[PDB]
Amino acid sequence: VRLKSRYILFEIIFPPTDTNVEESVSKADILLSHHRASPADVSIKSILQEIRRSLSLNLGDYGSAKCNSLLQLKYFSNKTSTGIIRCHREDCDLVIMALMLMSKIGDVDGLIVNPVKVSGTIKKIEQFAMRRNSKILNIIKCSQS
Amino acid sequence: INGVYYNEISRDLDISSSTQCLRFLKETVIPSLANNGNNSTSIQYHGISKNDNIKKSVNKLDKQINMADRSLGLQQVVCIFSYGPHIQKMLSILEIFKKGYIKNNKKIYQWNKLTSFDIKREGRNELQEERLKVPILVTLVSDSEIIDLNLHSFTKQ
Amino acid sequence: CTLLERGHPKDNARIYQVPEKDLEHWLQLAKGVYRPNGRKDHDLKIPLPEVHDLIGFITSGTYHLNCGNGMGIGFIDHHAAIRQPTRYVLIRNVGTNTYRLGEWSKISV
Amino acid sequence: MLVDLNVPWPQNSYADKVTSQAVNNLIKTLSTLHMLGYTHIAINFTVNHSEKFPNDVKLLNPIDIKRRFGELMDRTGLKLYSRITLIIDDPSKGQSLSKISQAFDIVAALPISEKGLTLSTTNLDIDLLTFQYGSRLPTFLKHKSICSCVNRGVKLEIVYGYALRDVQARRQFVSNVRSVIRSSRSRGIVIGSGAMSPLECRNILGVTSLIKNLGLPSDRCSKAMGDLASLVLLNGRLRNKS
Amino acid sequence: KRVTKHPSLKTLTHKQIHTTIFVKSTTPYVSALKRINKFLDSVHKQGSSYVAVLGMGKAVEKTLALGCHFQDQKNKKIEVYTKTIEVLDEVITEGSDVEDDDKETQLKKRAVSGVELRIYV
RNA sequence: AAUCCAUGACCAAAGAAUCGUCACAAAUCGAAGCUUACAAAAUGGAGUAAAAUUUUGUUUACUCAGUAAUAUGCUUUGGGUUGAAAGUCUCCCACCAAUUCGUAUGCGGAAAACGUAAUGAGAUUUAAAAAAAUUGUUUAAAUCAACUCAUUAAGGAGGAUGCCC
RNA sequence: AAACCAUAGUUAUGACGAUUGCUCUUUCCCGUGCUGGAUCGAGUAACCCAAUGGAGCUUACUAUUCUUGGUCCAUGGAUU
RNA sequence: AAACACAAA
Ligand SMILES: [Mg+2]
Ligand SMILES: [Mg+2]
Ligand SMILES: [Mg+2]
């Protein structure tokens, strides 16, 4: 038999909330201003605890009990703000709605969570991440001109 | 066609009319890739359309290669250019000239360059716009091997 | 007969001729009918034809891998071939109740 | 492609002039929208039914997309549309649509009383009908008027942004969205993002999962969100031009 | 007069055929882009450097379009060469009632100009 | 004893099909395909319109392949595939006018702890089941049904018997 | 240093919507009947799941947890 | 997980 897994790829995007400063309107400029960096106070257990709190706060008791059976963060590094969340094929919608309803980190505010790719294996997730990273470099090279 | 774009700059051109685009290519894209001031080259411009006679074009080309005087030391380069579907006839005329010239135990040295015009059309729906690319092939043929022109972006052939 | 639109043929398939009243609908479907989203649109009501329009049977129905579509090898009547002013022909399966559109080309074998 | 048609404009009446900070925040929000991935943007402008409409044609729209957003339209590569909602309470000081329907593209309404629902279902040439999801819905949504307004072509708009503001109004928003989903029978449901700040913007996957957990099937979500929004935009354009 | 045209002689050993796309007149644009990307990814596993893109006749225009796409879209060095292609055509010569296909076949040469387009990684 | 009705036990066959939908010059939970490069316009194509030139020749402005291609689209199918994907079962997936199972041995079959056909017998008192694999029960032991083992080499001709005739 | 190859191909084989058909039950009509027709309703099973391909054998399935065909010196009731 | 073995149990 096989345990049906479904990994979730999410991105942490920081909107440049600053109305006093004028900004450049282009593709790579806003891509760089949205993918600047993640703060130092960012780890796996700090994001897992936050998502576990938000799950109980939005869904409830049974909604967190059914979802927290196989809720783990397999791969995440704070340099690129890319994480892979493992869950069931039944509770994928719950985890996606919780990642959408993520308000803020307990000490860091002003950020959004974007679910990009959902798949049932890590190899296709890695391939899609490599493809996205390769696509990102194109607009950068084009705008550096 | 809603508009014509070259070098991320909008221009006032028309794809169906060959005269305006050929004059624009002769006046703008060639000076942006080769400079005739800092050297001693005699550049002969020639654009090819699909309605031109191949034999008359070759009879013009074999004369355009020996127009300048040879005593003072002028290197004579002829630059042929076209765009769109006329590039096929351009290549045909270039190959026929090569075949008719190389027979006399001589050699023609060639440099190639390929760029693109960016045109915009209205898509199937009203909320979609398609972006088409028109190729531009510019070739420089000369009897001498070394040319002081800025030919680093070309292709030696 | 080759399929120009969504559809998969099979062996022992029925070949019908396009009628005269709904002749512009199939032409517009073969030209193009898209959605406001942008993609194609074939989720519409099909003009089911009559019964006395069967002019052939497909003997070799298999998905053509050399062109990317459904190739149908059938045998149509010459009188019905001269009857129509167009090369458009409908294809149907033996269990399926859908009619696909295509165009046929002569084979000299 | 995606369509967002509920971006609010920081201006309620005609008297109050907009500031540079509000325009900058709107630019931030639209850039965040384009960053998350969108194709069509239709900013909304709220006005009251009692406020005096000006007797002009070239002054009805205090937006002027061509001089303000026309440069962003050329650079970042998106489009903008004009949309106005009608906050209607009482059948008085009205009876004028032939001039407000030609200037703007999409005409919406916001009924807050039981008579407002009747006036919206009977004698309004509108395309979308929206409710105050933040506060309580006026009396009760029934199938009687909803069916008669959906069979002609008017859809119901759901603002998933209103939930992201506070914690208390989330309960009312959920109790209203489930009510309108149960009443509309899940045919004419369009979704919009009523956020004025870039910190309340989400993607397609999260919104789809939210609306699915709220009571809408998976096919209905995509089919509506895409095709019904595109068709509403096309109908608005046709109403403006011919 | 009835005359048929056969393809041109192709002598490729084992790997010139692999990293080479022959653009037909009926070949779509997006399928050509997909095949070119696959060839570009499989070249360094085949052990070559560039990808050949060969087209003659009507497909020359869209072959140059394919080249101009990867010219600036992916910023990859392209090389354009102009070559000659000889094609043999079987023609019928006049010399009861026989089949049109089963007649006197004579071979005739025809030269056409074509463009080879190499793309680097 | 014949027929019908209802239950139970046992043997055998198969595993319903059709349509639509799901953002990103790439995508999807995934997959494959749309590449023997030409529209006989390369025997240095076919013609029209103006100037000048004592016709040729030359410079400008156009027509012809029209069933024309239409820009990350488009078509197809995917967990029992000519029923068990399950199983610590067997075998093929180089050859050998021959130390190489040279095996004309009931039939089919390349082989198979492989299918089936006619007759006789058998039950820890038996050829072998009880006090290699598989299976919860795991052949029988009034009769039937099921398992095991022991014999029956292919084709042509003559005579006898039984049936329609 | 590759031989990389599946009209599923390597922990994938998704998500709902719609249509016909199949089994019983509460109804009306022609001719008794007829894979005769239409409403009020219930259910679409289980064993279980590929990892290179084919054949044989054995072993798990179908009780309101879909079905189908035949047999029985099995019993139960009735006529001759 | 699957798939493999004159293993191991
Ligand atoms: Mg297995
Ligand atoms: Mg196993
Ligand atoms: Mg196995």
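In the PDB archive, cryo-EM is given as the structure determination method for this entry, at a resolution of 2.8 Å.

*Asks:* Outline the overall build of chain A, listing residues and values.
*Replies:* In terms of helices and strands, chain A carries 5 helices and 4 strands. Secondary structure of chain A in N-to-C order comes out as β-α-α-α-β-β-α-β-α. Across its three principal axes, chain A shows a C-alpha extent of roughly 55 × 35 × 25 Å. Per-residue burial for chain A yields a buried fraction of 44% across its 145 residues. Long-range pairs, those at least 24 residues apart, make up 70% of the contacts in chain A with a sequence separation of at least 6. Just so you have it, chain A exposes about 8,500 Å², and 51% of that area is on carbon and sulfur atoms. The centroid of the 21 positive side-chain charges in chain A is displaced by 13 Å from the centroid of its 14 negative side-chain charges.

*Asks:* Could you give an account of a negative patch on the surface, naming the residues involved and the relevant values?
*Replies:* Residues and elements named next belong to chain E. On the surface, a cluster of negative charge is contributed by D97, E99, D101 and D102. As for its position among the elements, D102 is in the loop between β4 (78-92) and β5 (105-119). For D102, a relative accessible area of 55% corresponds to the exposed category.

*Asks:* Could you give an account of the sheet that holds strand β3 (residues 79-88) of chain D, with specific residues and numbers?
*Replies:* All names here are of chain D. The parallel open sheet is built from 7 strands, whose spatial order is β1-β2-β3-β4-β5-β6-β7. The two strands at the open ends of the sheet, each matched to only one other strand, are β1 (3-8) and β7 (189-192). Going across the sheet, the axis of each strand differs from the next one's by a mean of 35°, ignoring polarity. Bridge count between β3 and strand β4 (residues 106-111): 6 bridges; the pairing is parallel. When the bridges of β4 are listed, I84 appears paired with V107. Strands β6 (155-159) and β7 of the sheet are contacted by helix α7 (residues 169-184), whose axis makes an angle of about 160° with β6.

*Asks:* Account for the packing of aromatic side chains, naming residues and giving values.
*Replies:* All names here are of chain B. Evaluation of the coordinates by the stated rule reveals 10 aromatic pairs over all chains. Look at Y6 and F24: their rings are 6.4 Å apart centre to centre, the planes differ by 85°, and that puts the pair in the edge-to-face class. Here the residue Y6 occupies a position in strand β1 (residues 3-6), and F24 occupies one in helix α1 (residues 18-29), the gap between them amounting to 18 residues. Exposure class is identical for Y6 and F24. Each is buried. For the pair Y6 and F117, a centre-to-centre distance of 5.3 Å together with 65° between the ring planes defines the contact as edge-to-face. Of this pair, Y6 sits in strand β1 while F117 sits in strand β5 (residues 109-122), and the two are 111 residues apart along the sequence. This pair shows no difference in class: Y6 is buried, exactly as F117 is.

*Asks:* Give a detailed account of the nonpolar core, specifying residues and quantitative values.
*Replies:* Within the largest apolar cluster, 65 residues are counted, with the highest numbers of intra-cluster contacts made by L30, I43, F69, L156 and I158 of chain D. What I43 of chain D contacts, discounting residues up to four positions off in sequence, is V7, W9, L30, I63, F69, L80, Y81, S82 and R83 of chain D. Formed by 38 residues, the second largest nonpolar core is a distinct cluster that contains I48 and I80 of chain B together with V51 and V80 of chain E.

*Asks:* I'd like to hear about the protein's contact with RNA strand G, residue by residue, with values.
*Replies:* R2, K4, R6, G120 and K123 of chain A together with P217 and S218 of chain D make up every residue found near RNA strand G. Near-protein atoms of RNA strand G (within 4 Å) split between backbone and bases, with sugar and phosphate holding 69%. Here a sugar or linking oxygen of RNA strand G sits 3.0 Å away from a polar atom, N or O, in the side chain of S218 of chain D. When the residues that make up the surface near RNA strand G are grouped by side-chain class, the tally is 1 nonpolar, 2 polar and 4 charged.

*Asks:* Give a description of the sheet that holds strand β1 (residues 5-13) of chain A that names residues and reports values.
*Replies:* Residue and element names in this part refer to chain A. On the basis of which strands lie adjacent, the open sheet formed by 4 strands has the order β2-β3-β1-β4 and antiparallel pairing. Edge strands, defined here as strands with exactly one partner in the open sheet, are β2 (72-77) and β4 (112-119). Mean inter-strand twist for the sheet, computed between neighbouring axes without regard to direction, equals 25°.

*Asks:* Before we move on, could you go through the packing of helix α1 (residues 27-34) of chain A against helix α1 (residues 20-36) of chain D and cite the residues and values that matter?
*Replies:* Packing of α1 of chain A against α1 of chain D leaves a shortest axis separation of 11 Å and a crossing angle of 90°. Judged by the angle between their axes, α1 of chain A and α1 of chain D are roughly perpendicular. Here α1 of chain A contributes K27, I30, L31 and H34 of chain A to the contact with α1 of chain D, which in turn contributes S31, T32, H34 and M35 of chain D. Split by residue class, the contact of α1 of chain A with α1 of chain D holds 3 nonpolar, 4 polar and 1 charged.

*Asks:* Describe empty space enclosed by the protein, naming the residues involved and giving the relevant values.
*Replies:* Residue and element names in this part refer to chain A. There is about 60 Å³ of room inside the largest cavity. Lining the largest cavity are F10, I12, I47, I51, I85, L99, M102, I105, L111 and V113. Sorting the residues of the lining of the largest cavity by element identifies β1 and α2 (44-58) as the ones contributing at least two each. Residues of the lining of the largest cavity, tallied by class, amount to 10 nonpolar, no polar and no charged.

*Asks:* Run through the interface of chain D and chain A, naming residues and quoting values.
*Replies:* Contacts between the two partners involve 27 residues from chain D and, on the opposite side, 31 residues from chain A. Between chain D and chain A lies a buried interface of about 2,500 Å² when both sides are counted; carbon and sulfur atoms form 63% of it. Our count for the chain D to chain A interface comes out at 2 salt bridges. Note that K212 of chain D is salt-bridged to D93 of chain A, the shortest N-O span being 3.0 Å. Viewed at the interface, chain A and chain D are joined by 11 residue pairs in polar contact. Mapped by element, the contributors of at least two residues to the side of chain D that touches chain A are α1, α3 (70-75) and α8 (204-214) of chain D. Per-element tally for the side of chain D that touches chain A: the top contributor is α1 of chain D, with 9 residues. For the side of chain D that touches chain A, the per-class residue count stands at 10 nonpolar, 11 polar and 6 charged.

*Asks:* Account for the pattern of salt bridges, naming residues and giving values.
*Replies:* If you walk through the whole model with that rule in mind, you get 15 salt bridges over all chains. In this structure, the salt-bridge partner of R75 of chain D is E71 of chain D, at a minimum N-O distance of 3.4 Å. Of this pair, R75 of chain D and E71 of chain D both sit in helix α3, separated by 4 residues, roughly a single helical turn. For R75 of chain D, a relative accessible area of 53% translates into the label exposed. Across the pair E86 of chain E and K109 of chain E runs a salt bridge whose closest N-O atoms are separated by 3.9 Å. Overall, the relative accessible area of 38% leaves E86 of chain E in the partly exposed class. One connected set of salt bridges, linked through shared partners, spans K83, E116 and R118 of chain E.

*Asks:* I'd like a rundown of a positive patch on the surface, residues and numbers included.
*Replies:* Residue and element names in this part refer to chain A. A cluster of basic residues, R2, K4, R6 and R89, forms a positive patch on the protein surface. Structurally, the position occupied by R89 is in the loop between β3 (82-88) and α4 (92-100). For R89, a relative accessible area of 52% translates into the label exposed.

Quick notes on the rules
Residues numbered from 1 in each chain as written, not as in the entry; some residues may be left out. Chains lettered and ligands numbered in written order. Part of a larger assembly, values for the part shown. Heavy atoms only, no water. Helix = DSSP H or I, 4+ residues; strand = E, 2+ residues; numbered from the N terminus. Buried < 20%, exposed > 50% of the residue type's maximum accessible area, 1.4 Å probe, protein only. Contact = heavy atoms within 4.5 Å. Areas by Shrake-Rupley, 256 points an atom, 1.4 Å probe, with all protein chains shown as cover. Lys, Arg positive; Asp, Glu negative; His and termini not counted. Charge placed at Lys NZ, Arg CZ, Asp CG, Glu CD. Patch = residues over 30% accessible without salt bridge, like charges linked within 9 Å, V, L, I, M, F, W, Y side chains within 5 Å. Salt bridge = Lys/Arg side-chain N within 4 Å of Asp/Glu carboxyl O. Pairing = 2+ DSSP bridges. Axes fitted to C-alpha atoms, helices over the stretch in contact; angles between N-to-C directions. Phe/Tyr/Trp six-rings, centres within 6.5 Å; stacked < 30°, edge-to-face > 60°. Core = buried A, V, L, I, M, F, W, Y, C linked by side-chain atoms within 4.5 Å. Near = heavy atom within 4 Å. Polar contact = N/O pair within 3.5 Å; in protein donor to acceptor, adjacent residues only side chain to side chain. Nonpolar A, V, L, I, M, F, W, Y, C, P; charged D, E, K, R; others polar. Parallel < 35°, antiparallel > 145°, perpendicular 65-115°, else oblique. 1 Å grid on protein atoms, 1.4 Å probe; cavity = no way out; pocket = protein on both sides within 12 Å on 5 of 7 lines; lining within 4 Å. Points joined across faces, edges and corners; volume = space filled by probe spheres on them. Buried area = accessible area lost by both parts, 1.4 Å probe.

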